[PDB]
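Chemist: enclosed are the sequence and the experimentally obtained structure.
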Amino acid sequence: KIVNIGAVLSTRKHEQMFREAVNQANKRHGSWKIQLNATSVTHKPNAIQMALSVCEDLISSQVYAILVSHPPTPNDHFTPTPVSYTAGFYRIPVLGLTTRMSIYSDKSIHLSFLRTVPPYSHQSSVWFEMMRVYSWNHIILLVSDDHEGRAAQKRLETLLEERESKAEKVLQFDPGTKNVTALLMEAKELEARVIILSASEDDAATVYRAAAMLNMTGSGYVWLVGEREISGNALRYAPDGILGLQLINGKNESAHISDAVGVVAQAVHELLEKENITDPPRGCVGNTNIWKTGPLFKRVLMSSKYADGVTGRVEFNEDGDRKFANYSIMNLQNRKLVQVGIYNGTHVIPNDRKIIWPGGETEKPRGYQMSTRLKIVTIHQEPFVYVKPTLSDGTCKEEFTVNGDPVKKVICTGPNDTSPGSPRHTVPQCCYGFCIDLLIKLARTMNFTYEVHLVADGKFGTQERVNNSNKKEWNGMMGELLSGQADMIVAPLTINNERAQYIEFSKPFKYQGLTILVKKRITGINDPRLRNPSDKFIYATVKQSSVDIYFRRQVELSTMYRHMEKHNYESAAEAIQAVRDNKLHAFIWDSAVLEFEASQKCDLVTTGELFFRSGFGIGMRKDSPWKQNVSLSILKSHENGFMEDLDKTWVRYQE
Amino acid sequence: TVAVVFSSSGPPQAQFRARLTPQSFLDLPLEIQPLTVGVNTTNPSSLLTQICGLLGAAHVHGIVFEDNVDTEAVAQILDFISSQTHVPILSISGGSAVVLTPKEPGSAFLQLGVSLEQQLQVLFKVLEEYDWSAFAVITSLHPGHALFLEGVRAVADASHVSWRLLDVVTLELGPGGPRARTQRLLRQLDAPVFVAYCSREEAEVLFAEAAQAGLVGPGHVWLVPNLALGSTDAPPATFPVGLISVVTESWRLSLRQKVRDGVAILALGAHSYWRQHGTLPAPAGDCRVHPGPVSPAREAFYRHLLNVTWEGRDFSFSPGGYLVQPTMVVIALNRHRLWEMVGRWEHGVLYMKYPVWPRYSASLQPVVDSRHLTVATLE
Ligand SMILES: *[C@@H]1O[C@H](CO)[C@@H](O[C@@H]2O[C@H](CO)[C@@H](O[C@@H]3O[C@H](CO)[C@@H](O)[C@H](O)[C@@H]3O)[C@H](O)[C@H]2NC(C)=O)[C@H](O)[C@H]1NC(C)=O
Ligand SMILES: *[C@@H]1O[C@H](CO)[C@@H](O)[C@H](O)[C@H]1NC(C)=O
Ligand SMILES: *[C@@H]1O[C@H](CO)[C@@H](O)[C@H](O)[C@H]1NC(C)=O
Ligand SMILES: *[C@@H]1O[C@H](CO)[C@@H](O)[C@H](O)[C@H]1NC(C)=O
Ligand SMILES: *[C@@H]1O[C@H](CO)[C@@H](O)[C@H](O)[C@H]1NC(C)=O
């Protein structure tokens, strides 16, 4: 028979070369049994008129496959869509010659589509390879918010989670925007010094301008971008000495015609040798039915390994995209592009050239500029972290110890200064206390410098499930530390199972338990007044604490906490005031704070001994360099005797 | 004005006249004049020419679709047209009412259906209540199988119970392939509960093969989403009795009733926008010219078109062209080969008609589990 193929080409000069090449392939292939046939149409600007022309072509022949390319119009998105939509109704395979977008590889929308050129999303592989090569592990990702932007991030994150790297903060920006400065200002405070850019050529220019304005291109900083972020408007404003890449045969449109014709001519014989010679429909109106053999032809087409083309051996991937495509690493020296390396199938091989980093250095600039300044969060507590208003001049009030010694204090910013209602008023206050003295000693003994700021929410920290979602989120000091707003927690934090999974703690510096506060038989195992809720006595604590979760993990104390859920305070002072005026009945909390309050505030007595065991510890993010240092310093302080005199000064004033 | 289009059924000339007749149906404040169009066959040029001609010679503001024999690859053309000519449309039934997740950026499709996430949520809310936790997941080589396989795992971690998974298998259940290999793979399985995802032809092939390899008796339970099971009014052979699916509300209404809902939702959307600005946006229907950058007026109208409520039925479309928070109803195959309701779902709480799962046999006579007993008590 006379099998016939179709094609949509740009300038109709490619059509003559296509016909010549298909005739040459007909001469080379075939054993005088099957002859292939050719016909083509030019691309027109209206998409609807395009589709009408497409099935005009479809009626014009028993088309077996379609080859589509791009016109000189830079709008490369919507041009190869209508032919895919029309030729997917009958499962007639269509091959994209030089299309690079990441939405055509979703094999549920575009039902029958192939590519002879890998998409933009496959660029993350070389980033990963050259990232291992230069021993970089501290990464900043910066990708646009479009669907094409959100596809490279998925694959790169999959690779890094496979290696459990867990790349640092990734930043999303709305495409087509001005004043992108805010995101860069948020990112500059981080530690990593290599950032990855992937966006449209227009957004690359404004990002480059913002980076130049904020001097994020200084020495040490190393950039690496994609193929679409170098050429165009971005090349003028591009910072000097940034790594990039390009494809070998991009936009050639001459080798792609040849190898697509070759692979199609190779596949037609294997299709026809399968006793499924059923012809494609002849007419875009005639038959409302799919091709009976289209899926088989597509399947045999994908697994067709070609021998050797102009661009080399070609083989398709399970998702339909072309695999094993090898790039060319690019660098910008003196506004003149020069190649510095060649990508292989997997690895990258440099080629007799030296890199020029943005600062003009000659050695491999290591990332992660180490940080000595780190922010520290704190919460207000009675015997640990006193907080007081600042003096009128601006400093702190000058006080002295009873034994003739200065009291060490720090300047602390923090909250609205009015818990119930205030939009934003972060007036700095004055902080001092036993925990603060320990912090001062630790800061002195390890050369680092602190910037103490109080907490925003005011809660110690718990885990809650946000509504309309199952992904648990940490709320309070825990959330502040996890997000990145803090680098250490120097506060009476209780060590337990729920926190150890996401935090590397330190050795305890003070042991404490749990008691109850009664104004002056409430046992610890079970009280029938507590086991069976009453009308007068209320057994409840401050919300978002650890005791709340501990009671929510119980069975009969679960009933106690169900009765308690109607009552939940917000601070220790509120509970103290409520229980001092007989308004509150029961309150259970730590042994140290309660003992200090009873020693100071008379007529109040704790009931029972410490029926539980726990300890206080400094909290830090997992895998932090300061943990071992801090733990050994705390142990040395315990052995020295410092804690003894410090506790004698603060915890018990000879009561 | 509102257009109406039918497709691929018994010739609805009487239905078309009955739809065109109520030029003032008093279903909403103000009623734009309705007009009807009917295509003989479903095809790319046929559909394109009919819609372009109607919307270019009528100056229509909204258009309502009606589905067909339920063949795939038809909603994409509607998405393409709505993206090009910026006219809001709405699919109501059949195969064109299957959720398309990555729709075009500037498109306004609004097809009424449920994504795989909500259907899987409802299915796992019926597995938990009867406490099965077997999880024999079977999926064919379908275009959307990866999404289903990701969704089941995502939901499995979004509940309290452990949900001990047993096995997931993917097999070629197409028209052509080695039946012996699939027979061997099906012959080796052990789980009291199965969840399957495939197409109607794939469903019939898989169920016939399971009947061959003895996996359809009173011991096991099968579950499928709404993608399979096809027409809902003609259950074929080899479909196990006790099949469980989840379909949205209005699974038993009439074709005329559905169109009445389609015109009502457009009318309320215009009326709600009317209270805001006291106007109806002009049509933009130059299919031949194909002009139009991003337009703020039509964008605002579409944004106001999202939420609607009338006759005690909440229709709230997500940014993606599917409605959110519907009231699904679970259905099952009775002992006499007839779909029947089993359990409702309404604001996240599931109900059931039966306190225990009725188990039938080859010769009926519902068997009763020997190791199950009923306990009476009071407070
Ligand atoms: C393929 O083999 C067939 C052998 O019959 C030939 O295909 C024919 O190719 C011509 C030229 O492209 C087609 O003519 C077309 O006619 C329409 C309407 O008259 C006109 O508008 C077009 O511009 C075009 O000239 C013809 O339809 C087509 N016929 C068939 C059956 O395929 C041809 O010799 C071989 N090559 C190609 C490219 O088809
Ligand atoms: C493009 O391909 C042609 C033929 O395949 C080849 O001769 C040429 O070197 C390639 N590059 C350019 C820039 O034309
Ligand atoms: C890149 O293409 C293939 C893939 O490995 C390889 O044979 C070739 O030598 C590489 N370099 C160039 C310049 O093509
Ligand atoms: C922690 O201990 C190390 C090793 O003893 C020493 O360099 C220094 O005391 C601390 N290092 C850092 C980086 O803080
Ligand atoms: C949502 O519903 C309100 C209540 O009628 C309506 O005013 C509004 O236009 C609707 N749409 C949006 C986008 O708010």
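Modeler: Sure thing, it's come through. Numbering: from 1, shown residues only, chains lettered A, B, ... in the order given. Ligands and ions are numbered 1, 2, ... in the order given.
Chemist: who in the stretch 151-300 of chain A is up against chain B?
Modeler: By CB under 8 Å from any CB of the partner chain, the residues of the stretch 151-300 of chain A that approach chain B are A:284, A:285, A:288, A:290, A:295, A:296. No exception for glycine: its C-beta is placed from N, CA and C like everyone else's.
Chemist: and for the residue nearest to the fifth one when sequence neighbours are not counted, the neighbour number?
Modeler: Read that as residue A:295. For residue A:295, ignoring the flanking residues on the chain, the nearest one in space by CB to CB, 6 or more residues apart in numbering or on different chains is residue A:91 at 6.2 Å. Residue A:91 has 19 neighbours, counted by other CB atoms under 10 Å in any protein chain shown.
Chemist: same check on residue A:529?
Modeler: 16.
Chemist: which of the helices or strands spans it?
Modeler: Take DSSP states H and E as the rule and residue A:529 turns out to sit in helix A:528-531.
Chemist: would you mark the buried spots in that helix?
Modeler: For helix A:528-531, the neighbour count (16 or more other CB atoms under 10 Å in any protein chain shown) marks A:529, A:530 as buried.
Chemist: cool, stretch A:71-85 as well?
Modeler: Residues A:71, A:79, A:80, A:81, A:82, A:83, A:84, A:85 are the ones in stretch A:71-85 that count as buried (16+ other CB under 10 Å).
Chemist: with stretch A:215-233 instead?
Modeler: Those would be A:216, A:217, A:221, A:222, A:223, A:224, A:225, A:226, A:227, A:228, A:229, A:230, for stretch A:215-233 by 16+ other CB under 10 Å.
Chemist: look up phi and psi at the fourth one.
Modeler: To tie it back to what came earlier, the one meant is residue A:222. The phi/psi pair for residue A:222 (degrees, to the nearest 10) reads phi -130, psi 130.
Chemist: now the fifth one
Modeler: Backbone torsions for residue A:223, taken as degrees, to the nearest 10, come to phi -110, psi 160.
Chemist: just the first one next, same as before
Modeler: Backbone torsions of residue A:216, given as degrees, to the nearest 10, read phi -80, psi -10.
Chemist: where does chain A get nearest to chain B, residue-wise?
Modeler: Proximity of chain A to chain B (CB to the nearest CB) peaks at residue A:470, 3.7 Å away.
Chemist: these two touch, right, that residue and residue B:160?
Modeler: No. Using CB atoms under 8 Å, residue A:470 makes no contact with residue B:160, being 10.2 Å away.
Chemist: looking at the two, which is more packed in?
Modeler: Higher neighbour count among residue A:470 and residue B:160: residue A:470, with 11 against 6, using other CB under 10 Å.
Chemist: for the more buried one, which non-adjacent residue is spatially closest?
Modeler: residue B:158 (3.7 Å).
Chemist: same check on residue A:185?
Modeler: Distances taken as CB to CB, 6+ apart put residue A:214 closest to residue A:185, at 6.9 Å, once the chain neighbours are dropped.
Chemist: now residue B:155
Modeler: Per CB to CB, 6+ apart, closest to residue B:155 is residue B:120, 5.1 Å.
Chemist: can you name the helix or strand that the one you found falls in?
Modeler: Assigned by DSSP H and E, residue B:120 falls in helix B:116-130.
Chemist: the strand ranked longest in chain B vs helix B:116-130, what angle?
Modeler: When chain B is parsed with DSSP state E, its longest strand is strand B:339-346. On the basis of axes from the mean of the first three to the mean of the last three CA atoms, to 10 degrees, strand B:339-346 is oriented at 100 degrees to helix B:116-130.
Chemist: buried residues in strand B:339-346, which are they?
Modeler: Neighbour-count burial for strand B:339-346 [16+ other CB under 10 Å]: B:339, B:342, B:343, B:345.
Chemist: tell me which two of these sit farthest apart.
Modeler: B:339 and B:345 (16.7 Å; CB to CB).
Chemist: ok, now which ones touch the closest residue in space to residue A:258 that isn't next to it in sequence?
Modeler: Counting by CB to CB, 6+ apart, residue A:258 lies nearest to residue A:21, which is 5.3 Å off, once chain neighbours are set aside. Taking CB atoms under 8 Å, 6 or more residues apart in numbering or on different chains as the criterion, residue A:21 is in contact with A:257, A:258, A:261.
Chemist: near ligand 2 at all, the helix or strand in which the first one is found?
Modeler: The reference is to residue A:257. According to DSSP H and E, residue A:257 maps onto helix A:255-272. Yes. Residues of helix A:255-272 contacting ligand 2 under CB under 6 Å from any ligand atom: residue A:255.
Chemist: what does that helix rub up against?
Modeler: A:1, A:3, A:5, A:14, A:17-18, A:21-22, A:25-26, A:29-30, A:34, A:36, A:64-65, A:67, A:69, A:95, A:97-98, A:116-117, A:249, A:293, A:296-297, A:300-301, A:304, A:306, A:309-311, A:314.
Chemist: and that helix, what's buried?
Modeler: For helix A:255-272, using 16+ other CB under 10 Å, the buried residues are A:255-268, A:271-272.
Chemist: phi, psi of the residue nearest in space to the middle of chain A?
Modeler: For chain A, the residue nearest the mean C-alpha position is residue A:170 (4.4 Å; CA atoms, centre = their mean). Torsion angles at residue A:170 (phi, psi; degrees, to the nearest 10) stand at phi -100, psi 140.
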